[PDB]
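A.B. asks: Next up is a structure, given as structure tokens.
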Amino acid sequence: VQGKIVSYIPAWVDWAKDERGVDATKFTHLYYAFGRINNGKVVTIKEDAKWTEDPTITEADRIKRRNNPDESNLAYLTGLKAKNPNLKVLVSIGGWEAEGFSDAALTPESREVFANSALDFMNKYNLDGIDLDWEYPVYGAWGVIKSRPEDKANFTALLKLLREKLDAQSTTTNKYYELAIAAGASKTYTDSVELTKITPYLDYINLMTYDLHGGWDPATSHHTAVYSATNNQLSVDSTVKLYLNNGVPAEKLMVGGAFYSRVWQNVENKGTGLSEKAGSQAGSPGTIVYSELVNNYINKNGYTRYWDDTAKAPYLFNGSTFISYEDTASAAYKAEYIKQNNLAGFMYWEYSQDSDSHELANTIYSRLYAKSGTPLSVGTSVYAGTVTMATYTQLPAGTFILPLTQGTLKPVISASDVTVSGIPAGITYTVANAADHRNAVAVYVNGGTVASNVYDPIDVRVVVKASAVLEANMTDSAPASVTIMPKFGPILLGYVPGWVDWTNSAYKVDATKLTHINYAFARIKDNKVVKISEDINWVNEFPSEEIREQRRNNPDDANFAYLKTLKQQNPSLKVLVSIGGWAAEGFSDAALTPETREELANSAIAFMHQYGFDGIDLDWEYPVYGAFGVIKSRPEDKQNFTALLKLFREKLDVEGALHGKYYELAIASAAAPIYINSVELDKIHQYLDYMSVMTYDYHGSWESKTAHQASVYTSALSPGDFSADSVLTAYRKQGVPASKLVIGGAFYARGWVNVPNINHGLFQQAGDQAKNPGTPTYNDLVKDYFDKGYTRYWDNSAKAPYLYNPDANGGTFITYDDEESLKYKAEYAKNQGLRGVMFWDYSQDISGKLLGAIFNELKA
Ligand SMILES: CC(=O)N[C@@H]1[C@@H](O)[C@H](O[C@@H]2O[C@H](CO)[C@@H](O)[C@H](O)[C@H]2NC(C)=O)[C@@H](CO)O[C@H]1O
């Protein structure tokens, strides 16, 4: 990590007890806002008179202010060195309207008591440095604070001293300490401080290049723009130029940006509202934070979004309220300026004001640790990914929607900026910006009649061109995958295990809710597909003979007949054979040569015809890496798997053209990045009906830290971590159409014994893992857990349930899929244009609720 990122964080949130925590891997420094001065000395904000007594809400809030948890905050924040080692946490002193800088600084005497107490503060909370935010010396923000002309010098002296105290301490500790200032943007500020004396005492000067204009001005303008587009409009550029002219070296200047807007009301309804006269601001809230703009203002509630292309700043206007803000784009242009002009880094006030998802802080990081002159591509995610055929030929009016993940659409895109591949001919389509979204394309797909019958999903491909976007040197987007579904809708597929005698089980299979069954499994033996009772590895997994017998007399013939009655009873039901699965030997050998591939194909085709199947699922676990030596693997598996699949599909096309029927070919495929490496995902998919992605087994007893085994989304408390969302995005990134992906639900759990009672059990360091529960099924969970000690919590940013019991071996943490999570996996599949939903496995919920909740969302 090269240039710096400073993220001020407010003292007046509970960060320990916040739901989103802090992704401290996206900034370098973290200034804590603020400590204050009291009787000439640095202190916690909860000990500040003037801030504990704000009359805006003096009831429930003043209490919270006097008992403000800074101790907890500081401990939680420096604790984030866990996730980032490099991180620095400084204490920032002052802020807007913070009093007593002029008295504490005034005389050599009082400076001591302040600079001393400032170290006491730094030491006490184990902090990497001090930041003085005096606003402002000499002129006191024109009467907001106490001030006198002698500040000019005293500021200098105070700063010199602090540097002495912080180098003194360094020579014993071996840790260099940092000293910063936030510094005013105006010519007036530079005139009130001794810059060519001050610079050398400091590591960085935080230019506050915001609040450059606001409701105090008679006309609108940008408050935190990059460039000056008119003579009178201040900017990062004007301010940086002002500071270089006074000798301050580029290498120490941090450019500032803002996660909030400056607002004007009663603006003349002329032009765009930019540079228009403005009346009374007596009604005005003054600012609106970035999260609130996202939620209700940007392209919402009659507020049009605009861009000043010379200033490189966004603004909104509705005919009378104007709002000037920092967005994804303006941050891009500011990062670029830092790099263009060799500045120290990007500073921002402040972190809490970012969106739920941290859109700005993440944008800055991404832009600042891009390598220059090596263009970034436009990013896409999906919000609405499916339109569904009414009949075999009638397509209704529908609308796909794609938010940008990287880059920022012009407020009005032209057709040349988006190209749509794979709308079937006959059917007119339009592109545009999606209403009620800040930054998203809309392909409006008009009703129509398609030329021929639509039996299979159609992959629609959307390309977001560089000309669409506002940023500078950017390349076209990877062609994004959305889906026109056939009239029958998503598939819902159960893995049905062959080691249950379903003929005699009181618990039966629900062929009315499933579209698809995968009988698990067939196997490989001497390069032949055979029943599971022939595979010696399996039969002889355990020595004990009363198992081994059950294994040899596995009720395959029965179950195949049983499945035949399901098929007769429900004639659209498709039942397929899964060759392989965990510990299944034979695949690598079988894929080697054009002779060995031919053998297995023919033998698989013949197994399929003999016991009544509608297609094949291949379940190779796993190629090239062989699940880390469970399975003979080879580098050459990669291109072989792909010839195996190409072959199977050709044999199955032969079969189908002989039996007057369509045979399916499918694989199961893992989530791990090594799988995605080890397989030619871009190449194999054209041969498949879909991929049953195993969006589960993310974390187990093989780690000693708790985490979500099957989360539909990546929790906020574990950035980076596995989710269905992350994994299926990763799949599509490789080129796999959405309409050939299937999301996996798991009907069993995992867990860890010896989890400390912290945060309901969640993301904790684990203990000794002997007597770990292994994999209890939901059945097990119903009898022996749910009410029997344990308590069910829910992480809403992940949408994944979890159990903790303090009084059981540590206690224990359980991670699983349930009704609510399976619902969301199913919503995700409809929203994203996925082929369908899948699970493992039918025998693990005899109650039928997990299936019910997939079915109730996916189909009704
Ligand atoms: C580094 C920096 O920008 N410092 C100043 C900030 O304090 C100021 O933010 C304001 O801080 C006050 C505490 O001093 C808060 O009461 C107030 O709510 C907060 N304002 C906002 C919009 O979050 C910022 C922004 O005006 O500018 C500096 O002056």
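Residues in the sequence shown are numbered consecutively from 557, following the deposited numbering. Don't be surprised by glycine CBs; every beta carbon is placed ideally from N, CA and C.
Answer yes or no: the CB of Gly685 versus the heavy atoms of ligand 3, is any distance below 7 Å?
C.D. replies: Ligand 3 is not part of this structure, which contains only ligand 1.
A.B. asks: Assign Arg592 to buried or exposed, taking buried as 16 or more other Cβ atoms, counted over all protein chains shown, within 10 Å of its Cβ.
C.D. replies: Reading the sequence shown from its first residue, position 36 is the one you call residue 592. Counting Cβ neighbours within 10 Å, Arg592 comes out buried, since at least 16 surround it.
A.B. asks: Of the residues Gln821, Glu832 and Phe657, which one's Cα is nearest the Cα of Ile844?
C.D. replies: Position 288 of the sequence shown, counted from the start, is the residue given in the question as residue 844. The option with the nearest alpha carbon to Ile844 is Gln821.
A.B. asks: Start and end of the alpha helix (DSSP H) containing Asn1387?
C.D. replies: Within the sequence shown, the letter at position 831 stands for residue 1387. Start and end: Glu1375 to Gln1388.
A.B. asks: Quick one: Cα of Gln1106 to Cα of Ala1062, how far?
C.D. replies: The sequence position of residue 1106 within the sequence shown is 550, counting from 1. The sequence position of residue 1062 within the sequence shown is 506, counting from 1. Each residue's Cα considered, the two are about 19 Å apart.
A.B. asks: Determine whether the beta carbon atoms of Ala1226 and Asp1373 lie at a separation below 8 Å.
C.D. replies: By one-based count along the sequence shown, residue 1226 stands at place 670. By one-based count along the sequence shown, residue 1373 stands at place 817. Not in contact: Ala1226 and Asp1373 (Cβ atoms no closer than 8 Å).
A.B. asks: On the DSSP bridge assignment, give the partners of residue 536 in chain order.
C.D. replies: The chain is shown from 557 up to 1416; residue 536 falls before or after that span and cannot be answered.
A.B. asks: If you draw a straight line from the alpha carbon of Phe878 to that of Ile686, how long is it in whole angstroms?
C.D. replies: Residue 878 sits at position 322 when you count from the first residue of the sequence shown. Residue 686 sits at position 130 when you count from the first residue of the sequence shown. Approximately 37 Å, taken between the alpha carbons.
A.B. asks: Starting from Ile844 and walking both ways along the alpha helix (DSSP H), at which residues does that stretch end?
C.D. replies: On the sequence shown, residue 844 is found 288 positions in, with the first residue counted as 1. From DSSP, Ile844 is part of no alpha helix (DSSP H) but of the beta strand (DSSP E) over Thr843 to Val845.
A.B. asks: Between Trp652 and ligand 1, is the CB less than 7 Å from at least one heavy atom?
C.D. replies: What you label residue 652 is simply residue 96 of the sequence shown in a count that begins at 1. Yes - ligand 1 has a heavy atom lying nearer than 7 Å to the Cβ of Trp652.
A.B. asks: Can you name, in chain order, every residue of its own chain whose Cβ lies under 8 Å from the Cβ of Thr1059, other than the five neighbours on each side?
C.D. replies: In the sequence shown, counting from the first residue as 1, residue 1059 sits at position 503. Only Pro1111, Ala1114, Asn1115, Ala1117 and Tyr1118 meet the Cβ criterion.
A.B. asks: My output table needs one value for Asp617: the three-state DSSP class, helix, strand or coil.
C.D. replies: As a working mapping, residue 617 is identified with position 61 in the sequence shown. Helix at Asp617.
A.B. asks: State yes or no: is the C-beta of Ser673 within less than 8 Å of the C-beta of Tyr587?
C.D. replies: Here residue 673 refers to the residue found at position 117 of the sequence shown. Here residue 587 refers to the residue found at position 31 of the sequence shown. Going by C-beta atoms, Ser673 is not nearer than 8 Å to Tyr587.
A.B. asks: Note down the Cα distance separating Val749 from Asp793, rounded to an integer number of angstroms.
C.D. replies: Sequence index remark: in the sequence shown, residue 749 carries index 193 (1-based). Sequence index remark: in the sequence shown, residue 793 carries index 237 (1-based). Approximately 20 Å between the Cα atoms of the pair.
A.B. asks: Does the beta-carbon of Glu691, which I'm using as the reference point, lie nearer than 7 Å to any heavy atom of ligand 1?
C.D. replies: Here residue 691 corresponds to residue number 135 of the sequence shown, with the count starting at 1. Yes.
A.B. asks: Is the segment 1066 to 1076 in contact with the segment 1396 to 1408, if contact means three or more CB pairs nearer than 8 Å?
C.D. replies: Taking 8 Å as the limit for Cβ pairs, the verdict is that the segment 1396 to 1408 does touch the segment 1066 to 1076.
A.B. asks: Can you give me the C-alpha to C-alpha distance between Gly1212 and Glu1206, rounded to a whole angstrom?
C.D. replies: For the purposes of this step, residue 1212 is identified with residue 656 of the sequence shown, where counting begins at 1. For the purposes of this step, residue 1206 is identified with residue 650 of the sequence shown, where counting begins at 1. Straight-line Cα distance between these residues: approximately 10 Å.
A.B. asks: Among all the DSSP beta bridges, which residues are the ones paired with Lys833?
C.D. replies: Numbered from its first residue, the sequence shown carries residue 833 at position 277. DSSP, once it has assigned bridges, lists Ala775 as partnering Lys833.
A.B. asks: Is the Cβ-Cβ distance between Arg704 and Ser742 less than 8 Å?
C.D. replies: On the sequence shown, position 148 is the one that residue 704 refers to. On the sequence shown, position 186 is the one that residue 742 refers to. It is not a contact, given that the beta carbons lie outside the stated cut-off.
A.B. asks: Compare the C-alpha of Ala1140 against each of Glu1101, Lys1194 and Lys1081 and name the closest.
C.D. replies: Locating residue 1140 in the sequence shown gives position 584, counting from the first residue. For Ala1140, the nearest C-alpha among the options comes from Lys1081.
A.B. asks: Just to confirm, are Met903 and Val811 a CB contact at a threshold of 8 Å?
C.D. replies: As a first step, residue 903 must be located in the sequence shown, where it is residue number 347. As a first step, residue 811 must be located in the sequence shown, where it is residue number 255. Against a cut-off of 8 Å, the Cβ pair of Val811 and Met903 comes out as a contact.
A.B. asks: Taking its Cβ as the centre, do 16 or more other Cβ atoms sit within 10 Å of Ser972, making it buried, or is it exposed?
C.D. replies: Taking the sequence shown and counting its residues from 1, one reaches residue 972 at position 416. Under this definition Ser972 is an exposed residue.
A.B. asks: Counting along the chain, where does the beta strand (DSSP E) carrying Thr942 start and finish?
C.D. replies: What you label residue 942 is simply residue 386 of the sequence shown in a count that begins at 1. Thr942 to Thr944 is the span of the beta strand (DSSP E), which, as asked, contains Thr942.
A.B. asks: So, is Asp1015 buried or exposed, given that buried needs 16 or more other C-beta atoms within 10 angstroms?
C.D. replies: As a position in the sequence shown, residue 1015 is number 459, starting the count at 1. So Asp1015 ends up on the buried side.
A.B. asks: Quick one: measure Cβ to Cβ for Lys620 and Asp684, integer angstroms, because I've assumed they're closer than 8 Å.
C.D. replies: In the sequence shown, counting from the first residue as 1, residue 620 sits at position 64. In the sequence shown, counting from the first residue as 1, residue 684 sits at position 128. No, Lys620 and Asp684 are not in contact; Cβ-Cβ is about 28 Å, not under 8 Å.
A.B. asks: Would you decide whether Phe1184 is buried or exposed? Buried here means 16 or more other CB atoms lie within 10 Å of its CB.
C.D. replies: To locate residue 1184, count along the sequence shown from 1; it is residue 628. Label assigned to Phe1184: exposed.
A.B. asks: Considering only C-alpha positions, which residue in the set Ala1322, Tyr1269, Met1247 and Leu1273 is nearest to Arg1288?
C.D. replies: Here residue 1288 corresponds to residue number 732 of the sequence shown, with the count starting at 1. The option with the nearest alpha carbon to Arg1288 is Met1247.
A.B. asks: Between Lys753 and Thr712, what straight-line distance do the alpha-carbon atoms span, to the nearest angstrom?
C.D. replies: Along the sequence shown, one-based indexing puts residue 753 at 197. Along the sequence shown, one-based indexing puts residue 712 at 156. Straight-line Cα distance between these residues: approximately 7 Å.
A.B. asks: What do you get for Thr1371, buried or exposed, if any count of 16 or more other CB atoms within 10 angstroms of its CB means buried?
C.D. replies: Taking the sequence shown and counting its residues from 1, one reaches residue 1371 at position 815. Classification of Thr1371: buried, given that the 10 Å Cβ count is 16 or more.
A.B. asks: Under a three-way DSSP split, which group does residue 533 fall into?
C.D. replies: The structure shown does not extend to residue 533, since the chain is modelled only from 557 through 1416, so no value can be given for it.
A.B. asks: Could you check if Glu892 is buried or exposed, using at least 16 other CB atoms within 10 Å of its CB as the buried criterion?
C.D. replies: Numbered from 1 along the sequence shown, position 336 holds the residue referred to as residue 892. Its Cβ being crowded by 16 or more others within 10 Å, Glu892 is buried.
A.B. asks: Between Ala998 and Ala988, which are expected to be in contact by the criterion C-beta below 8 Å, what is the C-beta distance as a whole number of angstroms?
C.D. replies: Your numbering for residue 998 matches position 442 in the sequence shown. Your numbering for residue 988 matches position 432 in the sequence shown. Their Cβ separation, rounded to whole angstroms, is 5 Å, which keeps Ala998 and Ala988 in contact under 8 Å.
A.B. asks: Does the beta-carbon of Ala775, which I'm using as the reference point, lie nearer than 7 Å to any heavy atom of ligand 1?
C.D. replies: Sequence index remark: in the sequence shown, residue 775 carries index 219 (1-based). No.
A.B. asks: Should the segment 1307 to 1322 be regarded as contacting the segment 1251 to 1265, the criterion being three or more beta carbon pairs within less than 8 Å?
C.D. replies: With a cut-off of 8 Å, the segment 1251 to 1265 and the segment 1307 to 1322 count as touching, because enough Cβ pairs lie within range.
A.B. asks: Whose C-alpha, out of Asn787, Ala660 and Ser791, is nearest the C-alpha of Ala781?
C.D. replies: As a working note, residue 781 is residue 225 in the sequence shown. It is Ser791 whose Cα lies nearest to the Cα of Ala781.
A.B. asks: Ligand 1 and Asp759: does the residue's C-beta get closer than 7 Å to at least one heavy atom of that ligand?
C.D. replies: For the purposes of this step, residue 759 is taken as residue 203 along the sequence shown, with counting starting at 1. It does not: the Cβ of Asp759 is nowhere closer than 7 Å to a heavy atom of ligand 1.
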